[PDB]
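S.K.: Sending over a structure as structure tokens; questions will come in a sec.
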Amino acid sequence: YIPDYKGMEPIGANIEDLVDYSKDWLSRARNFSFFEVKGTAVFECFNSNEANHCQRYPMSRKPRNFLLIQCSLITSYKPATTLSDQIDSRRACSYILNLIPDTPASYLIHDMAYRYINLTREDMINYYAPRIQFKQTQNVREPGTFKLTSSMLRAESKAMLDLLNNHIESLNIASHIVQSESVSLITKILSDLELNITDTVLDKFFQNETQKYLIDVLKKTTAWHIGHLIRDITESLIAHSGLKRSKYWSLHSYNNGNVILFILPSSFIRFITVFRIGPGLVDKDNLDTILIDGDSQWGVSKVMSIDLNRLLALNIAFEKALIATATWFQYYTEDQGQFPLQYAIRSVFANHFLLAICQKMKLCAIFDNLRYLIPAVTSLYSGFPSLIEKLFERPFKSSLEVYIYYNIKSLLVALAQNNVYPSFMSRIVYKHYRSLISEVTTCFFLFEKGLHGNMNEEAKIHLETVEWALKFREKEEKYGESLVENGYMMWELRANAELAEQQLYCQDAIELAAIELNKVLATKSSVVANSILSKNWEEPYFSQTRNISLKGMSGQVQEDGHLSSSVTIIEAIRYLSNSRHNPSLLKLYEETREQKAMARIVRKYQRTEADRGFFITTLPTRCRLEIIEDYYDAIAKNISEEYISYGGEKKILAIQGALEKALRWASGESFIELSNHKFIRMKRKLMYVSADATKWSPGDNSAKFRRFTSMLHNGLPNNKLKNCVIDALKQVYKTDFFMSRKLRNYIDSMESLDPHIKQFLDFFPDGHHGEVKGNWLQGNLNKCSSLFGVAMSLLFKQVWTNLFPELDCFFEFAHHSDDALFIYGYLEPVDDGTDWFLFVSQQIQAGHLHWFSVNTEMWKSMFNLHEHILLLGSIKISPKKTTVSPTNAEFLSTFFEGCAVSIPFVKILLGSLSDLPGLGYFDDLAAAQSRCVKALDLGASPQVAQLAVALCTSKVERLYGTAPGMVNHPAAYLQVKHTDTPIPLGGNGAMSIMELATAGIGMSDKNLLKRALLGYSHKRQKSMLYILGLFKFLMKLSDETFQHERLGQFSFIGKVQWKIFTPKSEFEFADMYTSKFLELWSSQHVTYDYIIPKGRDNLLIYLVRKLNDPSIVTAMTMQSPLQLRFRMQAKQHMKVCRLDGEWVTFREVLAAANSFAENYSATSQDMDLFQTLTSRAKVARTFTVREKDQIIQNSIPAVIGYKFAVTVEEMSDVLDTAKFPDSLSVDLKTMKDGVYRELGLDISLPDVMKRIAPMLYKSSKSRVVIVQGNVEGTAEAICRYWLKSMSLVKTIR
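Numbering (the UniProt record's numbering), first residue to last: 226 to 392, 402 to 432, 448 to 515, 523 to 675, 700 to 1455, 1483 to 1600.
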């Protein structure tokens, strides 16, 4: 059923009126929006911005600190142990007590060292004892800490403490003295960092290329050992960051007592570093003091306060620097065709390490802006003045920022003078522009995303939203609400000419654009109608994975008056609780039609991986947006070969057609008839423009689509669905935008209300929310906007064709996500342009005044009219990030960069070192290895991905203590090797990227079980039976059934259960059903392990069970500070493993596994279960692990659900889910035959199907792999491509 919603009637829109307006508009002189790129122009922009910046800021003569931890190293650093720590602390404090303090901080250092020396022997025993063996003492109350009362502190120490616990300017970068000082300091630090301090077939290539040219070179550097030392220091800081430990004092010593860390009763943790002065990370002007004891100097730093996100960023600084340097290494070999020299790789490593330890928002913003500044200076025209001006929007405080700014200025001026690409990080020169882009991309990704969302970048977006809303209100008060909403008419533009601004649109332009797009959509009416009707407007709303996800959503207006920040699954459960049925999309929109749209900014502590953007809106708003996007994504799929690229085969046809037509047209000559048969010859040239035209803007108007969808051709016999889309667009026009409690508190805290804060407060008249109109607040209207922009560009093309019929001008365009490429083919006179100007003057004298624009620089007038016609639809081309050039170098990269597939592998490699789920050793290892495999899929070299695998595995083993020589090393408690140990029991797996990418992450355990079976059943080996017993023990510990919504890693042969984070308050509705009820329901409903229920009651039970999943609770509280600190804590000595209904350490689980495996005897059922359980140009080829039989027409989850469907509700849900419900037994027979063919198993036998169905479910899924060449879509072709890419420099075919 579809209601009868009112639509719109076609007004009288004539293309001739717009053509006449364009004639009148082009008859005058129009300013071009972009500036010609010249080295002098860029230099003068930098100089003027320096002069302006230094006069509007308070000048400082003392740069601020940029090194969180200052230290030095002259000898190779041996990693810290508990025994060496005590010896180093004793000798270091003996050194320190022989010093004469002169500052309050140095006095505090002396006092703490004196207290440490005067601790008793039991104090020493309990200080270094594990929490299990720890005993409280009158001086030591927590392990690793000691008590320091105010009696033992001196007057200076007490004064320092009182100052600490009882708590903008810029540097003169225009001056050469500040420049020289900053450059000299950073150059000295970098030079100290670079100073040298005192098998598988892939392994051959690794040890010949990456080990020899990368690892063996950086392994001797000072930065390597400082990275390991900083890892030790940050581990000590993390250990002290515990809830019970942070209230006491701590003292640690590293590098034979040469470095000492003093930790204060710290949220932010406070510490002081005292070190021996030497080569390393030393900034003597930002040190608290330097104490002299003869020929030795000891630098004492200030009290440094650091939070957990920066502490995590500093802990993995060495790994991040090494991964970035390996990426730079791979890109260098791709560019130059050989290996980097030693000095270049050492300098790059030092720069990456310095960037990794200095995590500041200013550096992140600088490296983000550089990514747009580099294209702006390598093109003929761009908006480089604005981008350069953006570099000066924040003060320059530290010397690192000045150094980076000066290097950027030098690089940009050099690039602008060159229209051979200079490198930003070394003395090399690149042959390709992509390498220079990738350098700054890798540098930008070195900065964590945890420093984003601070309490300035949320106020920024609040103010931006409110400012645009107030500008919208001004235009409503000026022209009237009707003109602003319904648009203005063409005769009003011809009389005002101020009406053609952003947030305003012309009705006639919208209708004409819709007509122009109908010209091409009318040849595929049936296809468009079928694509629209295939969106399943009658399918239940909450049975879709996008409507029950973990993405953020707005909740309800609370009693205090604020908008809740909830999850889209909790709101689904809340709706279904009060609803007797599961409504469809249109029925849900009917029910929630009269509820006003609401929006707020997502809380940074409640963000998830599924969250995109900053705004979260209520359920009715998402329903309306989903209606509009189903409709528009259905219509826009039918021009996918022409103007918009989506993915797969039709991901490249748009640009291919556009550029090939441009090249075909340009390879010709034009002839214009001035008089008689005497013609004038013209040379055809091409101009390329890249603009983020489709990108969401806060200053847009959503009402412009209402007349668009009203006039657009959909091929359906009635307007009912079209009118529903119009009405849903009408219901998202006005929104209640709410502030955050954080912003309200921050504004209430300040005493001086700024003039720009007063107006922001007046926007909110009740202090909670204000009305926003026109803007849809980052709501998903991407395909609607892309289609609207395509229609507007087609309207411009028609208008230009009607303007100059005798001129054979050219215009093509393509869209990809927010990016758009426009190609203008213009004419230039051959030889000297005398006949051309004479003809233009004759045309103007004849009354064709619009020929004034086409006189010189035809492409500029083409772009001017295109931009004006786009602005008639409230589309503003960005004057900053739009790039114009006669060739396409920044345009074949920016166009596709922005997709879910063109993401650089740098981000994935650098994110495999953090954000681990914390679900256990096996789950964390699998997550890290899967992230490395994904990075390999995205373009990482096998050697780079292998290095990342090694780094991530070492980090996980260190975290859980399973590395050799550690507490939980499996070989110390099991009678097998470390390679014959199951991954859940502390093993490490294949540890080969080429086998993790092809076979899988958990196939190592299956291979081990295969070896154990084939050894025991053939030779009756005792050790093979021991391995069988270990696997049986793992199966006994935890044997879970596969749920397709679980976010963890599935283990086929058992797992160890680990303690997870317990939030302070459990999620709402999570206690609706008891765990016993959910366990029974899951046992008796095996179909709903592969499909989502369609009924209301079954979907409630399904969603409440999903809410109680430990891998979902973990992902919903991913950014919580408590979980974030819980993941950092070392699980080496913690009782976090489940055994016999009790929480025990991991080595107790290993001892129990050994005991079970010794006294284990194999049975026929066990043997049967074990046998069942063991059975050039960059493109984006998508492959499948084992592919699907052509006879299989339905989806694998649907066939498995049909296999397990028993209840009438389950069978109905399976038939609704299946795309071809009639041919379901035919697919089940085919799958039964295929399983017997390949696996040799019969699924009709009990428990065989339940065990092997997850394998088929994974095999159903497909992956996207970036391959460089003629690689086909088969898995074999991609495997051979990866084997060919095993060598960085030489082909190994």
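No residue lacks a Cβ here, since even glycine has one placed at the ideal position from N, Cα and C.
1. Once DSSP output is grouped into helix, strand and coil, what is the label at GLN1575?
2. Give me, in chain order, the residues of the same chain whose beta-carbon lies closer than 6 Å to that of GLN1011; leave out the 5 immediate sequence neighbours on both sides.
3. With H, G and I counted as helix, E and B as strand and the rest as coil, what does DSSP make of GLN553?
4. Take the Cβ of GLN875 as the centre, count every other Cβ of all protein chains shown within 10 Å, and call the residue buried at 16 or more, exposed below.
5. For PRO1401, which three-state DSSP category applies?
6. In three-state terms, what does DSSP make of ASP1529?
7. Would you please state the rounded distance, in angstroms, between the beta carbons of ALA973 and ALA1169? I believe it to be under 8 Å.
8. Given this structure, state the Cα-to-Cα distance separating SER857 from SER846, to the nearest angstrom.
9. Roughly how many whole angstroms lie between the Cα atoms of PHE724 and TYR768?
10. Alpha carbon to alpha carbon, what distance is there between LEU671 and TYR701?
11. On a Cα-Cα basis, can you pick out the residue from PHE531, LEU543 and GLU241 that is closest to residue 1460?
12. Measure the Cβ-Cβ separation of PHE1341 and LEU1293 and say whether it is below 9 Å.
13. Pull up the CB-CB distance for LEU731 and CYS620, whole angstroms please, since I reckon it's below 8 Å.
14. Between the alpha carbons of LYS1335 and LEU543, how many angstroms are there, rounded?
15. Figure out for me which residue from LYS1038, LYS1339 and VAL1521 has the closest Cα to the Cα of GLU1422.
16. Look at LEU797 and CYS786 and say whether their C-beta atoms are less than 9 Å apart.
17. Ignoring anything shorter than 4 residues or poking outside the stretch 1519 to 1567, list the alpha helix (DSSP H) runs there in chain order.
18. For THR328, decide whether its Cβ has a neighbour in chain C, counting only Cβ atoms nearer than 9 Å.
19. Compute the Euclidean distance between the alpha carbons of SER418 and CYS296, then round it to the nearest angstrom.
20. Helix, strand or coil, according to DSSP, for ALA794 in the structure here?
21. Can you tell which of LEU1067, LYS711, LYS616 and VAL1486 has the C-alpha that lies nearest to the C-alpha of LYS917?
22. Any idea what DSSP makes of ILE431, helix, strand or coil?
23. Would DSSP call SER515 helix, strand or coil?
24. Taking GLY832 as part of the beta strand (DSSP E), name the residues at either end of that continuous run.
25. So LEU866 and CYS1004 are in contact, right, with Cβ under 8 Å, and what is the actual spacing, rounded?
26. Taking 9 Å as the threshold (C-beta atoms), are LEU564 and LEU1199 in contact?
27. List in chain order: all unbroken alpha helix (DSSP H) runs of 4+ residues lying wholly within the stretch 932 to 1007.
28. What number of angstroms, rounded off, separates the C-alpha of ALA971 from the C-alpha of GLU1147?
29. Taking Cβ positions, are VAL1572 and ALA1487 nearer each other than 9 Å?
30. What does the alpha-carbon distance come out to for the pair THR1598 and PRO1250?
31. Does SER859 come out as helix, strand or coil in the three-state DSSP assignment?
32. Report the three-state DSSP secondary structure of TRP1056 (helix, strand or coil).
33. Along the chain, where does the alpha helix (DSSP H) that runs through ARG1385 open and close?
34. Please classify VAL709 as buried or exposed, where buried requires at least 16 neighbouring CB atoms within 10 angstroms.
35. From this set, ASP1285, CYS1232, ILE1273 and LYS1235, which residue's C-alpha is nearest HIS1258's C-alpha?
36. Are the CB atoms of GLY1328 and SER1400 within a distance shorter than 9 Å?
M.R.: So, from the data block:
1. Taking the first residue of the sequence shown as position 1, residue 1575 is located at position 1268. Residue state, collapsed to three classes: strand.
2. Start at 1 with the first residue of the sequence shown, and residue 1011 comes out as number 731. If we look at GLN1011 and ignore the five residues flanking it on each side, its Cβ neighbours are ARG904.
3. Numbered from its first residue, the sequence shown carries residue 553 at position 297. In the structure shown, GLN553 sits in a strand (DSSP, three-state: E or B).
4. Here residue 875 corresponds to residue number 595 of the sequence shown, with the count starting at 1. Exposed is the call here.
5. As a first step, residue 1401 must be located in the sequence shown, where it is residue number 1121. Looking at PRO1401 - three-state DSSP - the assignment turns out to be helix.
6. Here residue 1529 refers to the residue found at position 1222 when the sequence shown is read from its first residue. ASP1529: coil per DSSP, three-state reduction.
7. Sequence index remark: in the sequence shown, residue 973 carries index 693 (1-based). Sequence index remark: in the sequence shown, residue 1169 carries index 889 (1-based). Going by Cβ atoms, the distance from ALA973 to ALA1169 rounds to 20 Å, so no, they are not a contact pair.
8. Working through the sequence shown from its first residue, we reach residue 857 at position 577. Working through the sequence shown from its first residue, we reach residue 846 at position 566. When rounded, the distance between both Cα atoms is 16 Å.
9. One-based indexing of the sequence shown puts residue 724 at position 444. One-based indexing of the sequence shown puts residue 768 at position 488. Rounded to the nearest angstrom, the two C-alpha atoms are 44 Å apart.
10. Working through the sequence shown from its first residue, we reach residue 701 at position 421. Working through the sequence shown from its first residue, we reach residue 671 at position 415. About 7 Å.
11. Any structural detail on residue 1460 is unavailable, because the chain resumes at 1483 straight after 1455.
12. On the sequence shown, position 1061 is the one that residue 1341 refers to. On the sequence shown, position 1013 is the one that residue 1293 refers to. No, they are not a contact pair.
13. Counted from its first residue, the sequence shown places residue 731 at position 451. Counted from its first residue, the sequence shown places residue 620 at position 364. 7 Å between Cβ atoms; contact.
14. Taking the first residue of the sequence shown as position 1, residue 1335 is located at position 1055. Taking the first residue of the sequence shown as position 1, residue 543 is located at position 287. Using only the alpha carbons, I get a separation of about 50 Å.
15. Reading the sequence shown from its first residue, position 1142 is the one you call residue 1422. The option with the nearest alpha carbon to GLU1422 is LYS1339.
16. Stepping through the sequence shown from its first residue, residue 797 is reached at position 517. Stepping through the sequence shown from its first residue, residue 786 is reached at position 506. No, these two residues do not count as a Cβ contact at 9 Å.
17. 1532 to 1545 and 1555 to 1567
18. Annotation note: the requested chain C is absent from the structure, which comprises a single protein chain.
19. Sequence index remark: in the sequence shown, residue 418 carries index 184 (1-based). Sequence index remark: in the sequence shown, residue 296 carries index 71 (1-based). Cα-Cα distance, rounded: 19 Å.
20. Stepping through the sequence shown from its first residue, residue 794 is reached at position 514. It is helical.
21. Sequence index remark: in the sequence shown, residue 917 carries index 637 (1-based). Of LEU1067, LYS711, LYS616 and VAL1486, the residue nearest in Cα terms is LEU1067.
22. Your numbering for residue 431 matches position 197 in the sequence shown. The answer is coil: DSSP assigns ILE431 none of H, G, I, E or B.
23. Walking along the sequence shown from the start, residue 515 turns up at place 266. Coil at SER515, not helix or strand.
24. Looking up residue 832 in the sequence shown gives position 552. Element bounds for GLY832: 832 to 837.
25. For the purposes of this step, residue 866 is identified with residue 586 of the sequence shown, where counting begins at 1. For the purposes of this step, residue 1004 is identified with residue 724 of the sequence shown, where counting begins at 1. Yes, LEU866 and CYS1004 are in contact; Cβ-Cβ is about 6 Å, under 8 Å.
26. Locating residue 1199 in the sequence shown gives position 919, counting from the first residue. Locating residue 564 in the sequence shown gives position 308, counting from the first residue. The answer is no: Cβ separation not under 9 Å.
27. 933 to 946 and 984 to 991
28. Residue 971 sits at position 691 when you count from the first residue of the sequence shown. Residue 1147 sits at position 867 when you count from the first residue of the sequence shown. Roughly 11 Å between the two C-alpha positions.
29. Within the sequence shown, the letter at position 1265 stands for residue 1572. Within the sequence shown, the letter at position 1180 stands for residue 1487. In contact: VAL1572 and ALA1487 (Cβ atoms closer than 9 Å).
30. As a working note, residue 1598 is residue 1291 in the sequence shown. As a working note, residue 1250 is residue 970 in the sequence shown. Looking at the two C-alpha atoms, the distance is approximately 41 Å.
31. Within the sequence shown, residue 859 is the residue found at index 579, counting from 1. If DSSP states are grouped into helix, strand and coil, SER859 belongs with coil.
32. For the purposes of this step, residue 1056 is taken as residue 776 along the sequence shown, with counting starting at 1. Coil, per DSSP.
33. Residue mapping note: residue 1385 aligns to position 1105 of the sequence shown, counting from 1. Residues 1376 to 1387.
34. Indexing the sequence shown from 1 puts residue 709 at position 429. Classification for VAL709: exposed.
35. For the purposes of this step, residue 1258 is identified with residue 978 of the sequence shown, where counting begins at 1. Comparing Cα-Cα distances from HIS1258 to each of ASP1285, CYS1232, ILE1273 and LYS1235, the minimum goes to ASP1285.
36. Indexing the sequence shown from 1 puts residue 1400 at position 1120. Indexing the sequence shown from 1 puts residue 1328 at position 1048. Contact flag unset, no.
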